[PDB]
Each structure stands twice: as C-alpha cells, then as structure tokens.
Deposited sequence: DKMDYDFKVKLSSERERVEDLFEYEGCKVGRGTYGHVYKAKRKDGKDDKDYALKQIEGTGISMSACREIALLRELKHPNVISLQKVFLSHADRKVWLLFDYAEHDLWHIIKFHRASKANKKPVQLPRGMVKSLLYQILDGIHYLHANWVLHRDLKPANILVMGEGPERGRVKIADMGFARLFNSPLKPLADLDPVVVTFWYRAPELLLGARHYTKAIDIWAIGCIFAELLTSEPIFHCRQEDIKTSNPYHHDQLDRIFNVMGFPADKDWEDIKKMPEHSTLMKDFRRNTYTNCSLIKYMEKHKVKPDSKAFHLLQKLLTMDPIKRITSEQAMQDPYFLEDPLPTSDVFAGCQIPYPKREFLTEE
C-alpha cells in the first residue's frame, strides 16, 4: 500500500548518482567504510573534483544512520563536508558526496620519511597542528568525539580555493554504548589499553599528541609490531618512550580494570632512563622549545591531566614565529603526488 502516482513522481524526479557523476575507473580508496571514487560532475556546472563514497553493505545501518545524522548538522572549515546523499532504491546502496582532498598526513609523512634516506615549508607542522586542534575543538564543543584519529584520516586539500586546509574525516560515528570493548594501536591512549569502558575527549587529544610527534620526527612515536583491550607490547613502547608513570603522575590508574595485569607484567625500574625529553632529543627536537612543551601537555599519561583542544590552541607556540597559515603549504609549490587509482 503505497500510492502509485506518488511513487512514479518521486521515481521521475530522483537524482541518481550514475547520471550525475563520472566515476568509472576513478576509484581512489577501498576499505571497511566502502568504496571511494574521484568524481566529476556530468552536467558541467563546475569543474571541481568530489569524493564519492558508496557505503559498505546495504540499507541504513547504525553506522550509516549516525554518519548521515551528524554530518548533516556539522559545519566547520576543518571538518569534511557532506555535500549530498544519494539513496539508490533498487540495490539499496547509500552514496555520500564530499569535497575531494588530494592529500592526507599518512601519505605526506610517508613521502618525507621515504625521501629522507633515498617538512620543507617552515610553519607547516604548526599549521597542521592548529587546524587539527581547531576541527577537533568544534566537534568536542558539540559533544562529538572522533574516537579514531590518525594520519590517514587527517586530510589535506590540494590545488583549488581551499589549498592546504586540513579536513578531518572518518569519525567513529557508530560504537555500541560509546564503548571500545564492543591491527595497529599506535594512536590509542594508555587508558584504552588499560580497559577504559568509554571514549572521551582526552582519548582524542592523545591521538593528536601522537600525530604531532609524527609530524616533527617522521616516525610514529608509539610504533609497534603487529579483541580484548589489553595490549602488552603496545604499552611496552609507550613506557620506553614516556617512562613508566609514577603514582603521583596518575593517581587513578589503580581504578582501571587492567591495573593488576599491568603490575603483573611490568616493573617500573625497566624504564628508569626513559622520558619524552630523551626520545625527542634523539630525534633532534629541542626540549626547551615551545613545540616540545605543548607536545608534553598533549602526551600526558593521566587522562584528567591532558590538555583540552581549547587550551592547546591558546598555547604560546602559536604566538611564536612562524605564525600558523590557512594554507598549510604557505603559498609554496606542493611536491607530493596525487592519489593513484585502483581496480575492482
């Protein structure tokens, strides 16, 4: 029982993705999220590139539902914008249209790290950091956690009107009961590795600290070898880098469900000659610099002693020469390659 005139009227007027956009052979990504394409508008109103994501699966799952719900409301320069949603009734597939981002921090960092043997504009790191903090702050002010921040998700705009603006993407929209308890762990806060029951603003801020350290060194600060939340070797690396946390540095660590496992597996005295000062000194970042001091506040072990995004933006690091720019490339020529295409 659905009116026929109502049906065919809507069927006549419906915008279909395959009529509107050329994307045949232009697949640039494939993962658990689905399939992303570099799309161009067929009815040539503009010559902009768009990112076309066909969501994994069929119908409207909780993940799909919440991604649509929140992106439909969110609007900030440093958060990726949902332009339109196509619902294909025949095959039950959902498509999302976004602005196209040529680069990301995973590909940028990998290009520098690859060329270092076989951060060239001054103020690029700082500009990336400030814009990452500005975006995450907007989400957190609207009680939207990201829950999965990493260099592959921090996108950067290529040539065009938004040249060198950071675009946050791939927010963890669906997690049951806001719970991590329901493979690489390098950007995961130590409380998550110790069995924290829920995601927090602080968990996101820790991720931002790791990315920042990666931008400064070209190496993931808590790099590690490849179900339950406890991961011993991941925690071993955090301690080699940060030192083992003293009782005074994190009073509530005793309240964590995996605390007794930590005590059983680890000894404080193993990491006596270990600190963030010492790690960064080996990778040629000065421990008296404002860049280091901000990092230490972001990479604080106790979650209640980690700085928020709003305090990080206010740091005097952003008032020291060079100033952050809107264009992260500072008007300079972009030496990174474009995205390779893929097969099906």
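- Several segments of the deposited sequence have no coordinates for C-alpha: 1, 120-123, 188-196, 241-245, 364, numbered from the first residue.
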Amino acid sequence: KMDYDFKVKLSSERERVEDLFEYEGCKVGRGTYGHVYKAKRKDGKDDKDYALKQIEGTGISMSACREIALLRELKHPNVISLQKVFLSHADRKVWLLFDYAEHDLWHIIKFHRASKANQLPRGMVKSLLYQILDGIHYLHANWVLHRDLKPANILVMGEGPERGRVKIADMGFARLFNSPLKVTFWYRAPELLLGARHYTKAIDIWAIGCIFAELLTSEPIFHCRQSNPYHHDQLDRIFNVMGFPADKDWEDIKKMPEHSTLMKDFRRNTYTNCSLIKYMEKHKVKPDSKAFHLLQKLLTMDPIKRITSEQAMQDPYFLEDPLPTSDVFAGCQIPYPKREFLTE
From here on, numbers count along this sequence of modelled residues.
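Note that the rigid core is defined as the largest set of C-alphas that superpose within 1.5 Å between two forms.
- Two stretches, 121-129 and 264-272, are weighed by how far their CA atoms sit from the shown form in 9 other deposited structures of this protein after rigid core superposition; the farther one is 121-129.
- For the pair 318-326 and 20-28, greater average C-alpha departure from the shown form in 9 other deposited structures of this protein after core alignment is found in 20-28.
- Of the other entries compared for this protein that flank it with modelled residues, all give atoms for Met157, so not even a third lack it.
- Of the other compared PDB entries of this protein that include residues on both sides, at least a third leave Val183 without atoms.
- For the pair 205-213 and 228-236, the record assigns the higher mean C-alpha temperature factor to 228-236.
- Here 32-40 and 290-298 are compared by their mean Cα B-factor, and 32-40 comes out higher.
- In the deposited coordinates, the residue among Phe98, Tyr199, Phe244, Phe173 with the greatest CA B-factor is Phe173.
- Of the candidates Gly195, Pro220, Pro77, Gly123, the deposited coordinates give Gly123 the top C-alpha B factor.
- Per-chain ranking of the deposited C-alpha B factor places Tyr187 in the lowest third.
- Among the modelled residues of its chain, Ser275 has a C-alpha B-factor that falls in the middle third according to the deposited record.
- Ranked by C-alpha B-factor against the other modelled residues of its chain, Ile253 falls in the middle third.
- In the deposited entry, the Cα temperature factor of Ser127 places it in the lowest third of its chain's modelled residues.
- The PDB entry assigns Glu162 a C-alpha temperature factor belonging to the middle third of its chain's modelled residues.
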